[PDB]
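Asks: Return a 3D structure for these sequence lines:
(one chain, ligands or ions: 2)
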Amino acid sequence: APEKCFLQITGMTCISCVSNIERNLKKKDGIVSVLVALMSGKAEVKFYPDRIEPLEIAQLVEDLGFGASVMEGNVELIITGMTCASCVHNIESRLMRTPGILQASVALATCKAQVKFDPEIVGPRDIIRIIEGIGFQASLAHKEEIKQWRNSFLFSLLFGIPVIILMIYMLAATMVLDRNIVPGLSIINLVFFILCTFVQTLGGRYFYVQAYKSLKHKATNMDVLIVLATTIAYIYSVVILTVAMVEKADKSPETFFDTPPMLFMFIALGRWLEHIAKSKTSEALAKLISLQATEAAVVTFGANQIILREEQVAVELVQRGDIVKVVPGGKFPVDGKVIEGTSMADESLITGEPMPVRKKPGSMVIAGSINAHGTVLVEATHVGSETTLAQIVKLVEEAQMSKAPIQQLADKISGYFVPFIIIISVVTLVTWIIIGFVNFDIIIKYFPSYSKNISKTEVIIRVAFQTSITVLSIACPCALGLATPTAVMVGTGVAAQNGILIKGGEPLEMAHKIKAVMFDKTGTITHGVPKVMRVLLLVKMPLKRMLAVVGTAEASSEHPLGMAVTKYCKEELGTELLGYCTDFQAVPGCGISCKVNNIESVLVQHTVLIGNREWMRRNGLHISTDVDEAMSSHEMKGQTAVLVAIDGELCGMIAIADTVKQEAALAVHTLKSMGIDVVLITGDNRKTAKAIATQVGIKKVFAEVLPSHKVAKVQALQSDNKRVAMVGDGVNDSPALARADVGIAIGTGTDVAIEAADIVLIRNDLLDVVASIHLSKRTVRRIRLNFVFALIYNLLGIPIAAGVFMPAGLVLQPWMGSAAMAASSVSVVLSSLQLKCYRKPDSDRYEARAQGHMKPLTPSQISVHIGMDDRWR
Ligand code: ALF
Ligand SMILES: [Mg+2]
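Replies: Numbering: from 1, shown residues only. Ligands and ions are numbered 1, 2, ... in the order given. Find the structure here:
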């Protein structure tokens, strides 16, 4: 009992592996008990130290074929009625008195209690029972960004449309508007000042805080650009108005109060649209939590002659060492060993396939599995976080948190732009000061400011500052923000129209970078439902008659292969109605015997035996060499096969297997032609995976891959610097989908897989994945083009604003500033909208492009990898 040791085990891929390890270790003398988990690869062994040593245990585990290495409970409760300190003190004293409890404290302010103890000796149930006996009850314990950007945009609009309208009205012709309340100001100037001040105070607040955050990050983005430009323009306008007032100037100076409202308007709109597009809801965690069983039926004493009472207890409160009865159709509450129970379990959560798995005494079960075929009793071994489903939840959380935001190309452009605009503005200022100082005739000729009585130096300085600030205002791109959001929304709409649901804007901008794609085998590449592939005849009755007789015999069978056979027979036959007279008898996993005396019904449209080789061997029916070879070939192909005999005579054989999707081969070929790697990762048997890869022409095959191993492969491929797209439709694929750079979920897949994936194929056609790439390409290029439209119109303005074309007679006009934004925004919006004309490439185009290049692959060329370390053949 004492000196229990901890071990780390690697190379283990099956629950049967865990059962074998536990059985072998317990068989050896000295070892008292052994515990191990599947995905965690952690084990705990209790043994007598004086008989065996941890090194011997590690050597024994290694001999089993799994690498072994030697390496080195808190409960929170709320208790009602904790209104007195005496009760808390008494509870604490009673807790310390009981053995196995290390510490226990209770807070009177919030009635919360924390207890630290050894799980092997004490559990939450004991503490709860003690508290109840004492006399008290105890029980165990982005939109903001959108809202703020929307508020900024709305304020900027409300207080910027009026000023823009006033500017347009002035541009069209207005005498009263130029009238001066005081010698310096004018009505228009005062209204502009008030409106710009209101917009800056209200609309720009979030701009200012975001810019401050960006500077704290040692980076300059669009927010910093807008804040700098608008603040400079507003400060200069206020300063010139103030000096005009002080000097009682006859004419009010030109002001740039127009610019800040305009830029705030459009940039806030762009940011708001970007945040709307980026928003997504991930509920995979909620679905996984829903998978786990809510409660368990704890059984006191044992399953042996003494069975005193049963209780219903929350799975959270369940502790190791308690026998729990799971009824048919009920979820397995905790991982454990089956005792005195035999049934079937669905392990699609881990292994991923729908084939039921037998459970017998000495076997192991996984939490969250669906039981059937009868009741079972389970002795718990892992509970709570230690459960496999909890480990999958942890992996999904880690994958989701690992993902980092992708920097917007707008921010990257602004990072260069801000120094560029600063440099050009300073250059314009200094060169104009120099020109004014050296000659001063150019200033007289090209500006009326010389008419002012101020000194020449003041004239040149004011002209240089005005020109520099005009250049600064013109340089700012108003449509920069909208370029990416508009294209992202249009691409998402196009994808939705074409049958692809894209959550967020990241997949559209990332799919083009994909160079490696991993495909799940079941569902994703092949239809999940098993289907009959080939029927052979082993005195010479028609095949259809035998098929009808089997379907009548197999009508009541609940085996998935049974329903597959029955549906195949019904499809082959008229299947107007099944025979009324039929007697059925089934032995679990052995064979089925039926009596059918309604062959007349089949003819209008006397015994049946369905079994495997073992059934024939025990019944005494010999197996011919040719049929044996055929069955061996079918087993090599990985497809299941069963035999039908009538009146004790072998009659026929039926084979059932999954059917590869029609477009799987074409999709794989297209991906390979485009230069993208294709990998088949699955949890099924190696033979079936190899056969499916041969059919779909995938060179790299991974078999018996646990959910954690899929994430490990994703991480390795990403560490190779490649971008990975994971296509899955099961729970085991959800952590890989979350971790993968791109996650594609088949429309018919599980809810968790759909939630985790960023792209969902509503049409459940594999070729859409290729389209999901092509469309993404058509998007990204467009975005780049939009950015050109966002800058070119403003950029061409900069030479004019700086006076480059002034001697030619071209000078900046007030209408040019507004025209630049109008043209840029219109061009960006129209370019983004043009993506709606995108047409999905036809499947016929794919087939023609691969009409001759496509070729079947030999089975030998394909290499199958079993597990992460590939220890097994
Ligand atoms: F359907 Al799988 F791994 F084979 F998710
Ligand atoms: Mg699947």
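
Asks: So what touches the host helix or strand of residue 460?
Replies: Under the criterion DSSP states H and E, the helix or strand holding residue 460 is helix 456-475. For helix 456-475, the external contacting residues (Cβ atoms under 8 Å, 6 or more residues apart in numbering) are 229, 232-233, 236, 240, 254, 256, 259, 417, 420-421, 424-426, 428-430, 432-433, 436-437, 440, 443, 447, 449-450, 452, 454, 794-795, 797-798, 800-803, 812, 816-817, 820. (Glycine included, C-beta is placed from N, CA and C.)

Asks: let's see 7 Å
Replies: Outside helix 456-475, the residues within contact range by Cβ atoms under 7 Å, 6 or more residues apart in numbering are 229, 232-233, 236, 256, 259, 421, 424-425, 428-429, 432-433, 436-437, 440, 443, 447, 449-450, 452, 794, 797-798, 801-803, 812, 817, 820.

Asks: could you flag which of these are buried?
Replies: When burial is judged by neighbour count using 16 or more other Cβ atoms under 10 Å, the buried members of the contacts of helix 456-475 are 229, 232-233, 236, 256, 259, 421, 424-425, 428-429, 432-433, 436, 443, 447, 449-450, 794, 797-798, 801-803, 812, 817, 820.

Asks: out of the residues you listed, which are inside helices?
Replies: Taking DSSP state H as the definition of helices, the buried ones among the contacts of helix 456-475 contribute 229, 232-233, 236, 259, 421, 424-425, 428-429, 432-433, 436, 443, 794, 797-798, 801, 817, 820.

Asks: Can you name the residue of the stretch 301-450 of the chain nearest to ligand 1?
Replies: Using Cβ to the nearest ligand atom, the point where the stretch 301-450 of the chain gets nearest to ligand 1 is residue 352, with a distance of 3.2 Å.

Asks: What residues does this structure have near ligand 2?
Replies: For the chain, the contact set with ligand 2 under Cβ under 5 Å from the ion comprises 520, 522, 523, 729, 730.

Asks: Buried only: go through the residues you listed for me.
Replies: Neighbour-count burial (16+ other Cβ under 10 Å) applied to the residues of the chain next to ligand 2 gives 520, 522, 523, 729, 730.

Asks: now, which of the residues you listed sits nearest residue 491?
Replies: Taking Cβ to Cβ as the measure, residue 491 lies nearest residue 729 of those, at 24.0 Å.

Asks: What sits closest to the closest one if chain neighbours are left out?
Replies: Taking Cβ to Cβ, 6 or more residues apart in numbering as the measure, residue 729 lies nearest to residue 749, with 2.9 Å between them; neighbours along the chain are not counted.

Asks: Residue 134 too?
Replies: With Cβ to Cβ, 6+ apart as the criterion, residue 134 has its nearest non-adjacent residue at 5.9 Å, and that residue is residue 91.

Asks: my read is that neighbour is in a helix, agree?
Replies: Yes. Checked against DSSP: H, G, I helix; E, B strand; the rest coil, residue 91 lies within a helix.

Asks: and after the helix or strand containing residue 711, which helix or strand comes next?
Replies: Secondary structure assigned from DSSP H and E places residue 711 in helix 707-719. If you walk from helix 707-719 toward the C-terminus, the next helix or strand you reach (DSSP H and E) is strand 724-728.

Asks: ok, that following strand: who's next to it in the sheet?
Replies: Strands flanking strand 724-728 in the sheet, each with its direction: strand 516-519 (parallel), strand 742-746 (parallel) (DSSP bridges).

Asks: In the longest one, which residues are buried?
Replies: Using 16+ other Cβ under 10 Å as the test for burial, strand 742-746 gives 742, 743, 744, 745, 746.

Asks: Now do the strands in the stretch 51-200 of the chain.
Replies: Listed in chain order, the strands found in the stretch 51-200 of the chain under DSSP state E, counting those that start in this stretch are 67-70, 74-79, 101-106, 112-117, 138-140.

Asks: Right, I'll leave it there.
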